[PDB]
RNA sequence: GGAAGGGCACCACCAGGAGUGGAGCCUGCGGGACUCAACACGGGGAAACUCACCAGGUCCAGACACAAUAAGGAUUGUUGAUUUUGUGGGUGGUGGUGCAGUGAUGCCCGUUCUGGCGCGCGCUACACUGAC
RNA sequence: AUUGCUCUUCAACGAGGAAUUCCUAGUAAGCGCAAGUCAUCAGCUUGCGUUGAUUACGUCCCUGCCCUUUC
Ligand SMILES: [Mg+2]
């Protein structure tokens, strides 16, 4: 069965893409990009470094294309830096190209939902916690945190439990976005990790831990 | 219980190069990269941005997607194994052009700047660093075989091939040897492009895998197997 | 004393491991032959590297370079229109176009 | 491992004095054809 | 049309050596799918769809409380307590938009000027079989 | 302006992709010297001389072109 926020009992891998830099600007509304709109964002006063929705597209691509999504054991939540929280239906097949991804995001943010004929992409009311499973463990990706084997971590946790991973799609910033909800922060690899690799890094171990294959 | 070595300070591992063949290393070949340039200024041909032009060339625009190579390079380049200096990348273009990627490079994350780098590389045949000390991207002479290590195992990613465990596979292989993977960056096509070079083809899973996911999934196996962390 | 691995001469960093002539050539305005002559006037043996140089040798070299004529360095030895042409070319081109 | 950024041009062109010389060659050739 | 028997060819096989194509110089000839339901799909110069867009120069940032100065004069472009000096001090608010003029209303968050190549030759290098 | 010399300045280039052209003995390749003698040529044409190789010198198997059957 397709996993949804309504169902809380089933064990699953939750991945929260915190600090997602998705924003629509009309001159028609178009997703702001670091490269497409440099002069405009200079007028807005925001630095172009933190104007990159490409990272979220890359993280979504690897996560949705990851095995566990195919096995029906993964759901993705995206928290926009502006404060917009987005749920991603596991069944979706997001556009592989970024330009078509940008056009999808602007449709989502304005229409608040995407219907093709269960919302594929649905904007939902904060906080994240109410949507998350009732019994679930929360962790963040921290470089400074101790390095832990993702596989060995998952087995030592319970079976009824689910796991939430809060990954920062931000280009640069302090790793305190999800400190308020999380109970402990862990390190995944010894070297610095990009958000996409960390999501790819994490999901493979759960596949090994849960024998998704 | 043991006295520490003379020097514990961590030093950067050597940057693997085609000249060196002895060291055990990871080789990933992004075979069948769809990278083509055409004067409109030269632009890397894209499936969506350019549709009428490739129709004039007579090439199927389904096989006109360089971003698949971009994401595979991105996920492959940023993998910790590259940070450990145990992985070195080759790209075989659909045209037959072989491109050597130095592990030190940092390709742009956005596709638009990535396209600009390919067209510069394909025309100038090489890319120089900002500090001007090494050629990060260089076109090299085919076949791939001469560049590869003297003792090395060759495998491809085949959906139809038996499903294997990457971690168990790498452990059972010898140490002095190396391992080559030939990944199909094509959106859809038959998996015989590396048949002449490879000796046996392996499947990483039953369900279909994306090219980037398979590269990311495979390399995690080496890092766990080799304790790269 | 200790060999000088690097030296500062005329506001330029010169490596000790290079010979005196081919080290002094690094200085702007100093080539191979000019450095050779400066050394020969300074009465410095050319076989020595730059690091073996004593302070007096370096100071004498400085005064050779700064006062060449005072030390008998030979005088012979020591050291819009384009746009108009473009416009004329354009006039030529347009007239020739009018012919054809 | 060390990381070095690649150097490239945003738009590739395959200074003006060379451009001036290039036009001369075309003008030299074009005139000679007309004379012939 | 077929068949048979022979010969020949660095425009054939075979074995190698030289080049050209990378760099510098010189020079001849010619000028409509969708690993991508939803989006994106006839487009081309960063941006600019008809008064736009891009880059710069002016004007706008006075709530209120207290105290002082102060009518024999604080401040104004000649005026008269509007300000000025010091201490404290709140607010996105000529906001917009969707709903049922009205509503503790859901949602979000400026002004005037000045400029705008394709095909080919030849020579030299990338050193210690070398350079001087 | 012209052609030489002196000094200084000191770049790209670390053997070159897909491909492609030529070549069997005084031959490939390297080096210079002379004359510009009605076409062509001006660091280009021609001539002259000096040093001097590797490999093959066999086949119609692939390709191509022929000969004979006054079959
Ligand atoms: Mg013969």
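Residue numbering for chain A follows Swiss-Prot, covering 29-55, 64-153, 157-252 in order.
Structure method, as recorded: electron microscopy, 3.2 Å.
Note that Cβ sites are derived from N, Cα and C of the backbone, with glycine treated the same way.
Positions annotated as site 'Interaction with substrate rRNA' by Swiss-Prot: A:88 (among others). The Cβ of residue A:88 (site 'Interaction with substrate rRNA') lies under 8 Å from the Cβ of A:49, A:69, A:70, A:210, each of which sits 6+ residues away along the same chain.
Residues or ranges marked as site 'Stabilizes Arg-88' in Swiss-Prot (evidence: an author's statement): A:90. In three-state terms derived from DSSP, residue A:90 (site 'Stabilizes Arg-88') belongs to a helical segment. In sequence order, A:69, A:70, A:134 constitute the residues six or more apart from residue A:90 (site 'Stabilizes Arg-88') in its chain with CB-CB distances below 8 Å.
Annotated site 'Interaction with substrate rRNA' per Swiss-Prot: A:129 (among others), in sequence order, evidence recorded as experimental evidence. The Cβ of residue A:129 (site 'Interaction with substrate rRNA') has 8 neighbouring Cβ atoms from other residues within 10 Å, across all protein chains displayed.
Under DSSP, residue A:132 (site 'Interaction with substrate rRNA') is assigned to coil, being neither helix nor strand in the three-state scheme. The Cβ of residue A:132 (site 'Interaction with substrate rRNA') has 17 neighbouring Cβ atoms from other residues within 10 Å, across all protein chains displayed. The site 'Interaction with substrate rRNA' annotation in Swiss-Prot covers A:132 (among others).
For A:136 (among others), the entry in Swiss-Prot reads site 'Interaction with substrate rRNA', with the evidence type experimental evidence. Cβ-based neighbour count (10 Å, all protein chains) for residue A:136 (site 'Interaction with substrate rRNA') stands at 13.
Annotated S-adenosyl-L-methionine binding site per Swiss-Prot: A:180, A:207, A:212, A:213, A:214, A:227, A:228, A:229, A:230, A:231, A:232, in sequence order, evidence recorded as experimental evidence. Of all Cβ atoms in the protein chains displayed, 18 besides its own lie within 10 Å of the Cβ of residue A:230 (S-adenosyl-L-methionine binding site).
Among the recorded positions A:129, A:180, A:212, A:214, none has a Cβ under 8 Å from a Cβ of chain B. Spacing of residue A:228 (S-adenosyl-L-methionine binding site) relative to residue A:136 (site 'Interaction with substrate rRNA') is 32 Å (Cα to Cα, whole number). Nearest Cα neighbour of residue A:232 (S-adenosyl-L-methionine binding site) among the listed recorded sites (A:129, A:132, A:136): A:132. The S-adenosyl-L-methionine site in the record is lined by A:180, A:207, A:212, A:213, A:214, A:227, A:228, A:229, A:230, A:231, A:232, and its two most distant CA atoms lie 19 Å apart.
The shortest Cα-Cα distance between residue A:230 (S-adenosyl-L-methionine binding site) and any of the recorded sites A:129, A:132, A:136 is the one to A:132.
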